[PDB]
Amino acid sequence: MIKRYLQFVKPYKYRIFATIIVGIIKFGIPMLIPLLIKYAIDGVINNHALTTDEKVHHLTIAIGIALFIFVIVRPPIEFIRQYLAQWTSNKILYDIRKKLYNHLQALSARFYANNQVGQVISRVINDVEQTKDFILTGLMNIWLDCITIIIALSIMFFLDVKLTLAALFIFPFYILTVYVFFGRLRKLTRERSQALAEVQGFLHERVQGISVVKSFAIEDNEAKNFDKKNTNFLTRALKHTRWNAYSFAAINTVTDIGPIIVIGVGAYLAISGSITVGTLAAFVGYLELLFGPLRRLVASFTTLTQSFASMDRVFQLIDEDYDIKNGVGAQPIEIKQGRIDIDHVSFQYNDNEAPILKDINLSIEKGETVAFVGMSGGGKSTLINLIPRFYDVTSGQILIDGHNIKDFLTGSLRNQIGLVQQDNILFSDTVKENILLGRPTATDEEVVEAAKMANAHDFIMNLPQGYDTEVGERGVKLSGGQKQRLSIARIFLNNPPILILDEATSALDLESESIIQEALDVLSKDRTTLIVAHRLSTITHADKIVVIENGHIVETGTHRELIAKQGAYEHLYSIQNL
């Protein structure tokens, strides 16, 4: 998996090597200070053989050299070091999200039917952000602390063989301890993030559905439900905290026995006649070089553990399966004559549940306008959505122009099916911007046409700022009949070969309906049109009315014929002016 995440860093290797290089070229600076203390002390006064005009000159080139380095060289190193580090990771994150967003847009209705927006977003934003440390603390810092440890171990190896050994004794345990915690922290972090994710999901869902919370004044009740999730998150976060605290003390207690098992030994050797009490003096001086980095790495460790958890969650989301896939055979197909064929189609949203569409057989010739009617919960919408291939038929096949829906390239198929769903969507944008969804590359002229078509153009003008009026989030700032008509607009703009209208009149008064009815009868003149309707009267003119009951096609016919049959259809119609 590191290999995976690494793939994102790939195009930035150099900038990172650079960040590490400049990183090393930093320790040289802190050492310049103690080096300068020795020069004035031993090179201008303890020299004893210099003029009081000569030594007061060397101190003006040494206090000259220092200033130069620190006021000219260091600043740029400092800067670049950070800017680089950041610029790098920040571009990397940017990249990861670029990919995650396409992933999302490629998931299926199913996915989104069983997932919580807020939770998904939490991953795309928070979890990703969290993997930032892995680039910084991981690939750009950890090393410097190891380089330091090598240098140190090395220097010590010369000063004395067994004395260094005296140190390395700790090392294995240190490693063992890290290993012991790592995993548990990784989970605790994972579980923590997830909780956050769930509060995200909650906030999203409620803030957007407040209308309801407000209406029944269930604020108190819901504020509770919030606290459960908010608390859960807190709890989990504490578990996580406790362990970090715990593991920290642990790893360090080990890292601390380090200088001890050293000093102790360093004495019982210098005195036992093994080595120069100067060696002991020198060696023990470097103790900070060894058990310093080892102490930092404890922190480095921790940070990473958390980061891994995050990249987990990220990849987990990345690894989600696309339910509707294109498959090798993919083929952008032009639908020239709207010929739709539903052969023995049967649908189930899940293996466990019962099918919703059982055995459906229906043929729709180009130009025909087919109406779908029946008790609510029958299957019309489900059936319908099988064509734009929003879900794949369970058993059977649907063919447009003889071509199996599956053999089209998604975008192609879908782009040629103008679909007005029953629960229509609007983004917090401008009226124009919303219609444009039907055909983003459209002439401000064509838009206004669609509008006039959908019987929308008129009320749009009466809107403050007309076609540029910002509709509300979710399109709140408009009537039902109004939102709806904008959806119809999109259709005309799309001007597709196949038109599916699932209750495209729901919210319009009798009059507006009449208009749109005419507008459509026109657009639907020579196109294959599928219509789901409850307001029968606006379906009579259909070429064929299809009655659907409990997932089955029960009746088929012309309004006229169906009425004669005094069957299922008539029953329903008959309920109107009776």
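Numbers follow the displayed sequence, beginning with 1.
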When mean C-alpha B-factors in the record are compared for 365-373 and 155-163, the larger belongs to 155-163
Between 508-516 and 38-46, the record assigns the higher mean Cα B factor to 38-46
In this crystal structure's PDB entry, the residue among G273, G480, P496, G378 with the greatest CA B factor is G273
Of the residues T235, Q116, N141, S215, the one whose Cα carries the largest B-factor in the deposited record is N141
By the entry's values, the third containing the CA B factor of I65 is the highest
Quick tally, chain-level thirds of C-alpha B-factors: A542 sits in the lowest
Quick tally, chain-level thirds of C-alpha B-factors: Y467 sits in the middle
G402: CA B-factor among chain residues, third -> lowest
Among the modelled residues of its chain, the C-alpha B-factor of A85 falls in the third labelled highest
